[PDB]
Amino acid sequence: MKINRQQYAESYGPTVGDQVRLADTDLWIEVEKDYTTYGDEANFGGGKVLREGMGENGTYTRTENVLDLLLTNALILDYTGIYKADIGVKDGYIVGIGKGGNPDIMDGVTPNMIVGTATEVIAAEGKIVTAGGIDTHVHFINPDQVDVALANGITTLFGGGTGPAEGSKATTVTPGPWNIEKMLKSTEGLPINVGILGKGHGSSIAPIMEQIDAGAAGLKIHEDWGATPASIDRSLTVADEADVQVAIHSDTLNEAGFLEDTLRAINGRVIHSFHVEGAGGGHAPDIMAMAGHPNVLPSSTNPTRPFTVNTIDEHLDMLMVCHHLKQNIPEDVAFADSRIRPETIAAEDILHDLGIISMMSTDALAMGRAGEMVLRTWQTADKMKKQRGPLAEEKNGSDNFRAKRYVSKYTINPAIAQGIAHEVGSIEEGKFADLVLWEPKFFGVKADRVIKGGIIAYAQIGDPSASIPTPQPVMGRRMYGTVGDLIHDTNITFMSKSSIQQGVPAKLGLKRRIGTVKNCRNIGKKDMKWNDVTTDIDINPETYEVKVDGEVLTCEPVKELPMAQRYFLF
Amino acid sequence: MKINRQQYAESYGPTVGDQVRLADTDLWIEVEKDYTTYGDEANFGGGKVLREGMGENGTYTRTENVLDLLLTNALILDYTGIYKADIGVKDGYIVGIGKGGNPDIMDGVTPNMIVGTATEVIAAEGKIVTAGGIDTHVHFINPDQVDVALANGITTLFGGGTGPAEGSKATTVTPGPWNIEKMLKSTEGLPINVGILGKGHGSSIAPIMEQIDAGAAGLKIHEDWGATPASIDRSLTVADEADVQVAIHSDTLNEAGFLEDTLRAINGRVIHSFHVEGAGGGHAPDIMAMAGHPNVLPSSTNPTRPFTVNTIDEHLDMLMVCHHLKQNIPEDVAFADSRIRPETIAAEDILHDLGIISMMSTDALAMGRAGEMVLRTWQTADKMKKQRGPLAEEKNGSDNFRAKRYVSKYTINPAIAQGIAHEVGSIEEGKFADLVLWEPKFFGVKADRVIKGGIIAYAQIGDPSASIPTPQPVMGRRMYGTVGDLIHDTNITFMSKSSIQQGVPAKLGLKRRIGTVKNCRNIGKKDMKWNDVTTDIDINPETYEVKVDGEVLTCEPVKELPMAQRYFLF
Amino acid sequence: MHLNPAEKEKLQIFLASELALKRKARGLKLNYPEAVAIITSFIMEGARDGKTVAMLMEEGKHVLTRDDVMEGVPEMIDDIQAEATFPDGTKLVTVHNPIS
Amino acid sequence: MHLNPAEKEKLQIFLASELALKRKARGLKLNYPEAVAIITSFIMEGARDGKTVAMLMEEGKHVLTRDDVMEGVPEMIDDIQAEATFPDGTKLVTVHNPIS
Amino acid sequence: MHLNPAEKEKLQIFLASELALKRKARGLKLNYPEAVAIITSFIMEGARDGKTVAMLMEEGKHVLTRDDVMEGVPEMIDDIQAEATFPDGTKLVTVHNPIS
Amino acid sequence: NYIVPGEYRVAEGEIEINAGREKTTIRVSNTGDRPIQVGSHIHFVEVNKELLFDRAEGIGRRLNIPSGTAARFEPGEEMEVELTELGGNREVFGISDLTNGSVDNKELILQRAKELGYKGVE
Ligand SMILES: [Ag+]
Ligand SMILES: [Ag+]
Ligand SMILES: [Ag+]
Ligand SMILES: [Ag+]
Ligand code: NI
Ligand code: NI
Ligand code: NI
Ligand code: NI
Ligand SMILES: [O]
Ligand SMILES: [O]
């Protein structure tokens, strides 16, 4: 018996060689392999295969290799590959990627992926499944930002803030032991993973270090607090001892140094360069040269992503509003023109495509959009396909190489940079079961279901009063993962080793899973999956032209993007 | 001094012999007796009777027979009677049904119903008061379902689910120890009583039983997991040892047996037959014959309730959507026509009226409406009055006999079946103070106030910014019973004896009241209040005609229902 | 009014439909959510008018045509489901492939 | 805009009133919540116009008549209450027995 | 529809704008929130129409004039900001001193 | 190049199910007055008693149909179906309690089938 490949893909999702369009982009992903045994595919429902004595084992207790949860027939899109597999979850972690069911009667069953009495089923046939997004440039300004992030497939927020205080509205900073303690206790109520950054500013060690001991997962150096050689040097000294990451927003004004003075203060130590293109902040005009150095893990914020006809007009005005610039103070006008630059924003698209910028991030509510890191990553890949063509590395007419390079920017690479990739950032065995299901038609635009530690936290679903859940209105809603005490077991507060050793979770009564920040100081650019390129980036101080290998990087702004007016009510 | 009976009923609510119309139905309830002493009626307000030295006692401490709460002048509608009484509450339980006030000066005061310094007053004069609804067919798919239930007078949800996972979207199942633990901790946040069902599937005892030990209150056998002779037999073996109830959705497809093969596997043990008519699921076409057996506690789900002109067209399409049926696969068409049957849906109205189906339930978000169990119960009683006339048992031109038979279907009978009627399911002394006040004009449509453990949890009330609470907009809102830690003291997590003995509440940090499931294995059809009829139900395999006492049960679908377009904005 | 949760939510659909109809009246090709809102509100207003489920299953396929909506939108909408109070109580209407 | 909780909620009444007025314009007898929404929005729009409490107590009894609404609806509505910002601040209007 | 949080919130602006436009049509001078709603909805409907950020920065200064609004309202509104989906994705429009 | 958001471009060719397993055709009759639909992965010998077929030929086997589909038998219907071999450990537990072990114990399965009145034990 044979099934033609159209009926096969309609029943079980696609298989080896089948391609899938990402939303309404020109980007195609190809199934690279499939863990199934054709005919023994797992599926759940009336008269289906996962039933007692059949594809569901009726013998084994939960401990005897039985799953808490099986996602059937997932099309996985991850830095590790684009492929078809069942995903098994147990104790809130991914324990098996392979072939689920019952070894009683089925060939090819991964030994620890038994569907048993204890197994819940999520049908992923026809869905794309990715890791949860890791947003490492978050301002905690407004709690309503969390659902915005969940709705576009973000599962981890790293940054800082105490709410809509000016310090927090400008900088990813929860300053000092008390604010860090208050925001750790706030975090108990936020249905997403969180890590908090302290203020990376001081000329003595103790005022900085006491933030790491209080529970900070990292530091932020921001020009608004003084991105001086001293604040840079002390923060990195603290980070090398504490094994946490430092994010930098450099001295845009060149007040105490040019870019080379900042790099000298860094002195070859590991650092996360935020909004490396520089519209979001940094050494005017040449900050983006950071992205060529091997000790720099470079990230973009999302409003420059990608370069469009409205980008420059929007940004000149955004900066005027954000900075209270006056169009009748020539210094304010010179400043804006020195900072919002089509030459660098245009080059930023191509650096992303070449794997020279490793990461995306939002800059949520400070200078960036909480729900558009995933959205604008795929808009950039699609624009670069249109302008630059398939990358040389591609084969079979698929965009798998570009898709792995771009999915890495908001999954694995921010996890590696932050020191949290042992827990999150990819669909691999042994990592926390933070999983996003997407309908291909909505891929990168609106997540179907967001799974946090093996329970659904967020879903597009309809009328709660209805016979079935699909009637209108279908909207994003918090699910049982977010209710009562289950919000503690489904989410991770990431903390420094020292705060963990010093008992800060028990001191503060934190009930959330505690994640350990580690292995941040021993990495560089080369550890950025698919995005590992070091090069001499030249930025002309007169023209702002960007050169790599003595070649000018430029492209056109586009009039139209996919994943926009087809999808959005506003 | 005498008051005419129109002014009396306007001031104090109705008294012996007075009748009240239920909403806009043709159904009339008659006050059977009144516990008051005419002239010593309790009431609260400016210059009223419950004042210090008068109807409120000024001497007694709370412990000395003083109430936490008095509902004055309630018209109670319960399986125990339709009558007028004050209802006294203390420590979250109903301690007295009788006559409240101050024995200093009043005749007829029930000794433990003293209004004292510690007493709150709820004015129930002119209201109907019922027990909270017990919905024993709940899918936990979307937390927004809870307010939907509260708004139509449901106070207890029994069923299963982990949120919008396919296993949970089809079956009332929280599978295995981990999912049951995660949903017990979720339940901490749900302002309604809850009991969780495990997966009633396996061919060994241990994989099933470990669900009861983890905290499940019962099991669900569902054809989607394999409603095989083995899964039925093992689940009932587990339930007889653990003293919990089993719900069944039988093998619609007759794959491993016909109805007689399922009854043989049950082997005379007690079982809850879900959606016994069979549109919701079961042995095609004759599942409804379950409702004649003395070991079967039979329930309807609500979308077949009652039989209307749109019912069949709605259901053929609901089933096609729900099952992904294709109108170009004849097997899909034969299946649908074998399952959606006017003959059984029509008979289902009359079985309800004859007391042969004992219970209503929703099937919330799987194949049924979370907020319409109470609504559709009264729509059925009203339709049957119109088509069948007053039941013989009636007297005085009232529908009291039918009203007791129908209120029993969503109050006491599901409580008895689940093993929780010691705590909930009726307005009787010693039970938890889960009480629903209704304006007669809204009776069965929209609850006025829902009381959970003696504190209001849900209320139709207006503008929070207003001088008084009655200005628009009046809508359903969560009240102080649902806020902070009071959500723990006002609600019950129902659990198996073994999980209670094994310390699962302390293991998981549950702060909710713990209710014990018990006395489920020693009951049958005869324990169903007002709905205790056993008979030989014949379902013709060719015509689907239903016979009881060799008489064809048929009725017409109606074009119009009460409790519909007069009330609902959509 | 005594608004229940569903009455509160479904008000939103009517509003989205009004917004979408305004956008069509100034000559825009409608997008995915606009189109879904229009057909959804149509069904619920039909139930309020006392039409049958069978009528709205037919009518729903003719509210919008591919020339009313952007490229790909007909193919993104497999069906549109809504529950509304008919004269005989709440019923579910599904319109299959509403736009060709 | 600086919307406070009540401004957010009362927007809903205006919307329900618009929905109800549309339903009356296509010749439907209005139901309980429709009727309450219409008269409520009338009062709040009256306060915005600068009418007095006494005017709206009078006018409110003539917005809808029993022939505008279904059987029993006049008798289900004992009164309709609303608070709105008059030129002299927030005041409460109660319309007693608005529909005979 | 797949409404995200922002789609849900921004529906409210359109509704407030409809309410405000009705109030202007019966000859009322508009207040602070009415004026902000009108200009805000104008921007978001402009983005849906495919206008550029630069166009809406110009047009936004001519939607309302001081004779449309009460005393002091022009001076209470320093600017009006809104984000909407343009054909090239979400962008921020700020209209500076929209009413003189 | 009309864009259907999320569309498949499936490769050329067909997917063979249950590749390399022995296939067997048997005649099966619904002797009952109610319909019987049988899924892809139920041990064929353990189906509804009132299905008449050579019960021995169901042992160690299931329907050779795509995963999660079914064969339908209307009241009185006789038709042919194709079976394929069970895989894995070739063990079956529960369902109708006819096997509870290796599918190799044909005598014991048929003895249990005959005693409980599974039609067609030869
Ligand atoms: Ag700024
Ligand atoms: Ag800024
Ligand atoms: Ag179904
Ligand atoms: Ag169903
Ligand atoms: Ni910055
Ligand atoms: Ni920032
Ligand atoms: Ni069922
Ligand atoms: Ni169900
Ligand atoms: O930033
Ligand atoms: O069900």
Side-chain angles (χ1 to χ4, degrees), chain A residues 46 135-141 157-161 166-173 197 220-225 227 247-250 252-253 272-276 278-282 299-303 315-325 332 335-336 339-340 361-370 467-469, chain B residues 135-141 145 157-161 167-173 197 220-225 227 247-250 252 272-276 278-282 299-303 318 322 361-370, chain E residues 92:
Chain A
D135 185 6
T136 58
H137 197 139
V138 179
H139 298 248
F140 295 106
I141 288 168
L157 307 181
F158 248 76
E166 273 59 39
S168 296
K169 287 189 301 188
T171 78
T172 57
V173 167
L197 305 177
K220 172 69 170 293
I221 306 155
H222 201 290
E223 77 176 317
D224 282 23
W225 297 119
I248 190 158
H249 173 140
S250 62
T252 304
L253 306 181
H272 187 169
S273 197
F274 274 180
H275 45 62
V276 74
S299 71
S300 300
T301 54
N302 74 12
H315 277 64
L316 274 176
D317 214 68
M318 190 185 286
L319 179 60
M320 160 176 180
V321 166
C322 173
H323 248 67
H324 293 74
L325 294 189
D332 289 8
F335 165 68
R339 175 163 168 175
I340 311 312
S361 67
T362 69
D363 212 333
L365 281 168
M367 203 165 182
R369 285 171 184 123
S467 59
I468 51 171
Chain B
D135 185 6
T136 58
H137 197 139
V138 179
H139 298 248
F140 295 106
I141 288 168
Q145 72 188 289
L157 307 181
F158 248 76
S168 296
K169 287 189 301 188
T171 78
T172 57
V173 167
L197 305 177
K220 172 69 170 293
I221 306 155
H222 201 290
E223 77 176 317
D224 282 23
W225 297 119
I248 190 158
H249 173 140
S250 62
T252 304
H272 187 169
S273 197
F274 274 180
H275 45 62
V276 74
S299 71
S300 300
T301 54
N302 74 12
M318 190 185 286
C322 173
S361 67
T362 69
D363 212 333
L365 281 168
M367 203 165 182
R369 285 171 184 123
Chain E
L92 166 71

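Both counts, for ligands and for their atoms, begin at 1 and track the order of listing. So you know, we letter chains A, B, ... as the sequences are listed, proteins then strands, and number each from 1. Atom set for the values below is all heavy atoms of this structure, side chains included, hydrogens, waters and symmetry mates excluded.
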Nearest 0.5 Å please: distance from the CD1 atom of A/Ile248 over to the NE2 atom of A/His222. 10.5 Å
Taking the inter-plane angle between the rings of A/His137 and A/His275 on a 0 to 90° scale, is it parallel (under 30°), tilted (30 to 60°) or perpendicular (over 60°)? tilted
Hey, could you give me the CG/CD1 distance between A/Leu365 and A/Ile141, rounded to the nearest 0.5 Å? 5.0 Å
Looking only at atom types and distance, does a side-chain atom of A/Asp135 sit under 3.5 Å from a main-chain N or O of A/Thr362, one as donor and one as acceptor? yes
Of all the atoms in A/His249, is at least one N, O or S atom closer to the Ni ion (ligand 6) than 2.8 Å? no
At the Ni ion (ligand 6), NE2 of A/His139 and OD1 of A/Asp363 open up to roughly (10° bins) 90°
Kindly say whether A/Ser168 contributes a backbone atom to a donor-acceptor pair with the side chain of A/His139 at under 3.5 angstrom? yes
Strictly under 2.8 Å, is any N, O or S atom of A/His275 next to the Ni ion (ligand 6)? no
Strictly under 2.8 Å, is the Ni ion (ligand 8) approached by any N, O or S atom of B/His222? no
Suppose we only allow N, O or S atoms; which atom of B/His137 ends up nearest to the Ni ion (ligand 8)? NE2
